[PDB]
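A.B. asks:
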Amino acid sequence: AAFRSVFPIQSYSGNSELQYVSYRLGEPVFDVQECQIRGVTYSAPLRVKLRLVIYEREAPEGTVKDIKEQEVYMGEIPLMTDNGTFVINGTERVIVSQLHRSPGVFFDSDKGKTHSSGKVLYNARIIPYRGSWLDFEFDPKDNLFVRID
Amino acid sequence: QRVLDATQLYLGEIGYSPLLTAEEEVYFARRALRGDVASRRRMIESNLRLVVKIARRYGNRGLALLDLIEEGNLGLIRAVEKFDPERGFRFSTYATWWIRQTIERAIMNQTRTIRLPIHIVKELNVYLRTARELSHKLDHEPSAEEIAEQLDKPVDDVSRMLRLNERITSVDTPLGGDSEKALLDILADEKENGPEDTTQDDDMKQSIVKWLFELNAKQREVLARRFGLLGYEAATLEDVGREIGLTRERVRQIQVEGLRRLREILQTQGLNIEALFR
Amino acid sequence: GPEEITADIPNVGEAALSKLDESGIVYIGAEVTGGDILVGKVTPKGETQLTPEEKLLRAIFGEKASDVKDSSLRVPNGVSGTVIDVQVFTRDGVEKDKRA
Amino acid sequence: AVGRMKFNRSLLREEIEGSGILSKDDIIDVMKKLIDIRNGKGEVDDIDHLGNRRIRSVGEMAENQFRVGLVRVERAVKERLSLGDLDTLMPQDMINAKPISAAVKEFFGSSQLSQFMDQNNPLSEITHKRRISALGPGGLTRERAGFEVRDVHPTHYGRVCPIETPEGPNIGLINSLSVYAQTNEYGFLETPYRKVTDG
Amino acid sequence: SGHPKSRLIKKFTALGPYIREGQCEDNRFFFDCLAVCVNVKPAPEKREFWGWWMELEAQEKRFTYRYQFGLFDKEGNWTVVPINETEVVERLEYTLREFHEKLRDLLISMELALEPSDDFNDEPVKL
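Residue numbers (the UniProt record's numbering), protein chains in the order written: chain A, 51 to 199; chain B, 52 to 329; chain C, 846 to 945; chain D, 399 to 597; chain E, 5 to 131.
#1: Between the C-alpha atoms of residue 251 of chain B and residue 865 of chain C, what's the straight-line distance to the nearest angstrom?
#2: May I ask you to report which of helix, strand or coil DSSP gives residue 128 of chain A?
#3: So residue 488 of chain D is in the alpha helix (DSSP H); what residue range does that whole segment cover?
#4: If the criterion is Cβ atoms closer than 8 Å, does the pair residue 15 of chain E and residue 50 of chain E meet it?
#5: When you compare the CB of residue 197 of chain B with every CB in chain E, is at least one pair closer than 8 Å?
#6: Could you give the first and the last residue of the continuous beta strand (DSSP E) run that contains residue 145 of chain A?
#7: Determine whether the beta carbon atoms of residue 270 of chain B and residue 305 of chain B lie at a separation below 8 Å.
#8: Rounded to whole angstroms, what is the Cα-Cα separation between residue 857 of chain C and residue 901 of chain C?
#9: With a threshold of 6 Å on Cβ separation, who are the neighbours of residue 440 of chain D within its own chain once the five nearest residues in sequence on each side are excluded?
#10: Give a yes or no on whether 8 Å exceeds the smallest Cβ distance from residue 134 of chain A to chain B.
#11: For residue 512 of chain D, which of helix, strand or coil comes out of DSSP?
#12: Give every residue of the same chain whose Cβ lies closer than 8 Å to the Cβ of residue 525 of chain D, excluding the five residues on either side of it in the sequence, and list them in chain order.
#13: At a CB-CB cut-off below 9 Å, which residues of chain E make contact with residue 79 of chain B?
#14: Let me confirm a value: residue 114 of chain E is counted as buried when at least 16 other C-beta atoms fall within 10 Å, else exposed. Which label applies?
#15: Spell out the partners DSSP gives residue 155 of chain A in its beta bridges.
#16: Could you name the residues of chain B that residue 882 of chain C contacts, counting a contact when the two beta carbons are closer than 7 Å?
#17: In this structure, does DSSP put residue 105 of chain A in helix, strand or coil?
#18: In whole angstroms, give me the CA-to-CA distance for residue 536 of chain D and residue 150 of chain A.
#19: Rounded to whole angstroms, what's the CA-CA distance from residue 84 of chain B to residue 891 of chain C? Just pull it up for me.
#20: Pair every Cβ in the region 846 to 862 of chain C with every Cβ in the region 871 to 887 of chain C, then say whether three or more of these pairs are closer than 8 Å.
#21: Measure how close the beta-carbons of residue 131 of chain E and residue 67 of chain E come, nearest whole angstrom, since I'm counting them as under 8 Å.
#22: For the region 486 to 516 of chain D, list every residue whose C-beta sits within 8 Å of some C-beta in chain B, in sequence order.
#23: Within 10 angstroms of its Cβ, does residue 520 of chain D collect 16 or more other Cβ (buried), or is it exposed?
#24: Hey, is residue 76 of chain A's beta-carbon within less than 8 Å of any beta-carbon in chain B?
#25: Would you kindly work out how many angstroms separate the C-alpha atoms of residue 899 of chain C and residue 272 of chain B, rounded to a whole number?
#26: Once you ignore the five residues that flank residue 205 of chain B on each side, which residues in its own chain have a CB closer than 7 Å to its CB?
#27: Work out the CA separation of residue 476 of chain D and residue 41 of chain E for me, nearest whole Å.
#28: Give me the residue from C:876, C:896 and C:872 with the minimum Cα distance to residue 278 of chain B.
#29: Does the beta carbon of residue 62 of chain A sit closer than 8 Å to a beta carbon anywhere in chain D?
#30: Which stretch, first to last residue, makes up the beta strand (DSSP E) that contains residue 914 of chain C?
#31: According to DSSP, is residue 464 of chain D helix, strand or coil?
#32: Rounded to whole angstroms, what's the CA-CA distance from residue 108 of chain A to residue 63 of chain A? Just pull it up for me.
#33: Is it buried or exposed, residue 76 of chain B, if we count other Cβ atoms within 10 angstroms and call 16 or more buried?
#34: Which one of B:248, B:243 and B:281 has the shortest CA to CA distance from residue 364 of chain B?
#35: Could you check whether the region 107 to 122 of chain A touches the region 83 to 99 of chain A, counting it as contact only if at least three pairs of C-beta atoms, one from each stretch, sit closer than 8 Å?
#36: Skipping 5 residues on each side, what residues in its chain have a beta carbon closer than 7 Å to that of residue 127 of chain A?
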C-alpha cells in the first residue's frame, strides 16, 4: 500500500519515471538471542525491486527507449519477535498502540459561554488522515465562516 | 505592504532587473572590467536569480537557505570580477563554477561547531560516498573495515576520519524523553575539585611543613631547595652544590639521610606507602 | 593513545588485584562487593608536572610517577553481588587476550 | 478508507467508499448538515464516544513512517532525475538507504510510543503490550487534556477497562484494553456479544 | 532640474550598456558602446576597445547628438581616430544604429525630436 501509494515517481516532465515492481524482505543475520547479546537491532533488510523507465522524446505516451530493472536496497525494518516486542539497540521495546480521533467530519458545537450571551456556535471540522484541515464555524451574528488549518 | 520576513522581501526584490542577452552581457563586462561601477552593479544585480537557482540545490545541509544565497552572492561578485567575455562563452557557464564552489566551501566551513578543514571534509565525503555505494552490495551497513577494504586504505585512517564525523550533540536537549533532565544535570565539573580533595591538599601541605621543621635544618634546606617546597625554587643538585654545600655527593648524601629520617617520621604516624598510595 | 585493559594498574595494591585474572578481567564466580576492581583499565596521560608535595612523597617512598592513569571499572558503592558472566567484545583487528 | 467511511456514514450516504479526496458535493453536504444542525434538525457529536476514536497500532504507524521516508526519497529522486542527465544510469545510486533507515529507526528507537517493556512480571509485559495510550504524534498532551477525555464513557463498556489507568498526570490517557475487546477492520474497538434470538 | 531630467537617465540605463552616468553634464548626456577589442591577449583592464562616443544637448524642442568614433585608451579617454578596416566599422555602425533606433524609439515614447547637431555632418555613419 505504501509503495503503490508513493510510487511511481516521475521526473519534472523530464520523460523519465521511476516505478515500483515488487519488494522482498531479507533474512535477519542475527536471531533475537544473539542480537540481544550483541546489542544490535533485530532487523531484516528489504531488497526492493525497482525499475527506472525513460520515456522517449516526442513521445508523451509513446514507448520507452530505455527501461532498466534493478533490485535495490533501502532501510532495515525491525522484525517483531514472537511475543510482540522488538529489539532495537539490545533492549526490548514495545510499541504501545495509540487511540486517536477518527478522520472525517465532526460536528462539534461550542456549548460554552464564549459570546457573553450564551449562544451556541456549531462548527464542522473535516479531519483527514493526511492533508489540510477545514472548519465551518458559525459566527455570533449567524455568519458562516470557513477556516482552513 | 509586504509581509516582513527576510526571504520573501529578498525573493520579491531580485526580480527587478531584466536578464541580459549574450551581447548585452559581453558589453556590460567590457564596460565593467575597465572600471565603470554601474556596469558591475548591473551584472551582479541581474544574475541574482542564477544564485537562487544554484543555491536552491544546496538546501537542507547545515546552512539555512538565505545563508546559502548570500554566500553564493560573494562568488558571483568574484565571478564578475574575473569573467572574460573574450572567450565568447555565456556568462552562466563560467559563474556556475564560482558560485557552486563558494557555497561548497561554505558548507565545509560554517557547518561543524568544531571546524574541520577542507581536506578532512573532502576525505570524509569520499568515505561516505563509498559507504553509500557499498551498502547496495551487502545490504547492511558497511563497516570501517568494509570501507577500508573497498578503498584499500588503512583501517585506522578510515576509523579516524569517521570518528571525526561525530555530529556534536547539544547540551540543552532533555534526556529520557521527559523534559526534566538535560546534560547540565548529568555532567560533573571535573576540573574543579570539591572541598574534600581541596582540604586534603592543604592539610597535606601543612603536615609536610610541620614534618620538615621537625627535621633538622641542614637536611630540610636541601630538601626544600631540592623540590622548591618551603618557599624555594626547585633546584638542581649541581645548583645547590655551588650554592650551599660544595660537595654534590655530600648533597646527595644529606638528601638520602633526610629522606630516611622523613621515612621514619611518616611511618611513625602510620602513613606507609600502602597508606598514601593504596 | 589506547586505553589498555591489563592487570598492572598503578597505585592499587594486591588486595584488589587478587580477584582479576592476568588478563585484567575478574573471575567468573568471584564474590565481589563495594569498591573492588572488576576490570582494570589503565589510561594514558601526559604532562603530569607534579606539585612538590607529591614529588616529596614519591621521593620519600621511592615511588615512581605513573604515566598511565587508572580508570578501572570498579563496582558501584553498596552493591555486593556475584559475578556470573563476562562478555568480552572486540573490534576486529585488535588482538584478543587470554580471557577473550 | 476510514475517513471516507465515517464521512459517508455521518452525512448519510449509502456508499461506504469512494474518492479519498473531497469533492464539491461533499463540502456542500457538510455545509447543509451544519445549517440543519443550527435550525434544530440534527445533533452534535462527542469526541470521547468510541465510535469517534480509532486505534492506531504498529502496522499503521510504521507504514506512516515508511511513507514519511519515501516522500523524502521521492524529493531526492525528482532532484536526481530531471537534473543532469537521462542517462542509462542505474537506479542504485538515485536512492539513499540512510533516510528511510533513519525514519524507521527514529520511530522504533525513540518515539513517544516506543517504550521499554516493563519486564518485571509476565503480567507487566502483557499489560504493557495491551496499552491504549492517547498521547504521541497526532494525539493530545497532558497539559491540555481537559476533564472530558480523562473521563469514563458509557461506550467504554466492553472495550476499555474503567479501572486500569495510571493515576497521576495522565489519568485516563493511558487506558488499558479490555479482555475480549477485539478491534474492527477499520479500528474502532468492537466487543463480542451473543445474540438473543426470539427468547 | 530644469527638465524632467531624472527619469530620462533611468530610461537611458534601461536602454542598455551605453550611458556613462559620470560623464553626464547639465542638459548634456554621454553615450559610448565598447564593441571591438584591439587585442585579446592582454589583461581585461588593458584591453582597449574600438567603439564610438557621442555626447548630447538637451532642448525641450529637440534632442541634439554629435557622433564621433575612435578608440577607448588605457588611460580612460577617447581619441578620434578610425581604423581603416571594413567589418569592424560595420560592427560599430550596426551596433550604433541599433542604439540610435532604441534611443529614437525612447524619445518617440516621450514625444521628443531627434535632431543631429551642426557637427554631425562630418560623421561617415548613416543616420
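Ideal Cβ positions, reconstructed from N, Cα and C, are used throughout, including at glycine.
C.D. replies: The short version:
#1: Going by C-alpha positions, residue 251 of chain B is about 31 Å away from residue 865 of chain C.
#2: Strand, per DSSP.
#3: Neither: residue 488 of chain D is in no alpha helix (DSSP H) and is coded neither H nor E.
#4: No, Cβ-Cβ distance for residue 15 of chain E and residue 50 of chain E is not below 8 Å.
#5: No, residue 197 of chain B does not count as interfacial toward chain E.
#6: From DSSP, the beta strand (DSSP E) with residue 145 of chain A extends over 143 to 145.
#7: Going by C-beta atoms, residue 270 of chain B is nearer than 8 Å to residue 305 of chain B.
#8: Spanning the two alpha carbons is a distance of roughly 20 Å.
#9: Within the same chain, residue 440 of chain D has close Cβ partners 434.
#10: With its beta carbon at least 8 Å from every one in chain B, residue 134 of chain A lies outside the interface.
#11: Three-state result, residue 512 of chain D: strand.
#12: Excluding its 5 nearest sequence neighbours in each direction, residue 525 of chain D has C-beta neighbours in its own chain below 8 Å: 562 and 574, listed in chain order.
#13: Those within 9 Å of residue 79 of chain B in chain E are 20 and 21.
#14: Looking at its Cβ environment, which holds fewer than 16 other Cβ atoms inside 10 Å, residue 114 of chain E is exposed.
#15: Partner(s): A:176.
#16: Neighbourhood of residue 882 of chain C in chain B, by CB distance below 7 Å: empty, with the nearest CB roughly 11 Å away.
#17: Residue state, collapsed to three classes: strand.
#18: Between residue 536 of chain D and residue 150 of chain A, the C-alpha separation is close to 7 Å.
#19: The straight-line gap from Cα to Cα measures roughly 58 Å.
#20: Enough Cβ pairs lie closer than 8 Å, so yes.
#21: With a Cβ gap of about 13 Å, residue 131 of chain E and residue 67 of chain E do not count as contacting.
#22: Result list: 490, 491, 494, 495, 496, 508 and 510.
#23: Within a 10 Å sphere around the beta-carbon of residue 520 of chain D sit fewer than 16 other beta-carbons, which makes this residue exposed.
#24: Answer yes: the Cβ-Cβ gap between residue 76 of chain A and chain B drops below 8 Å somewhere.
#25: For residue 899 of chain C and residue 272 of chain B, the distance between alpha carbons rounds to 18 Å.
#26: Residues 199 of the same chain have their beta carbon placed closer than 7 Å to that of residue 205 of chain B, with the five preceding and five following residues left out of the count.
#27: Whole-angstrom Cα-Cα distance: 45 Å.
#28: Selected option, being the one with the closest Cα: C:896.
#29: By this cut-off, residue 62 of chain A is an interface position.
#30: Element bounds for residue 914 of chain C: 913 to 915.
#31: Secondary structure of residue 464 of chain D (DSSP, three-state): helix.
#32: C-alpha of residue 108 of chain A to C-alpha of residue 63 of chain A: approximately 12 Å in a straight line.
#33: With a threshold of 16 other beta carbon atoms within 10 Å, residue 76 of chain B meets it and is buried.
#34: What is shown of chain B runs 52 to 329, which leaves residue 364 of chain B out entirely.
#35: The region 107 to 122 of chain A makes contact with the region 83 to 99 of chain A: 3 or more CB pairs, one atom from each, lie closer than 8 Å.
#36: Once the five neighbours on either side are set aside, the close Cβ partners of residue 127 of chain A are 93, 94 and 96.
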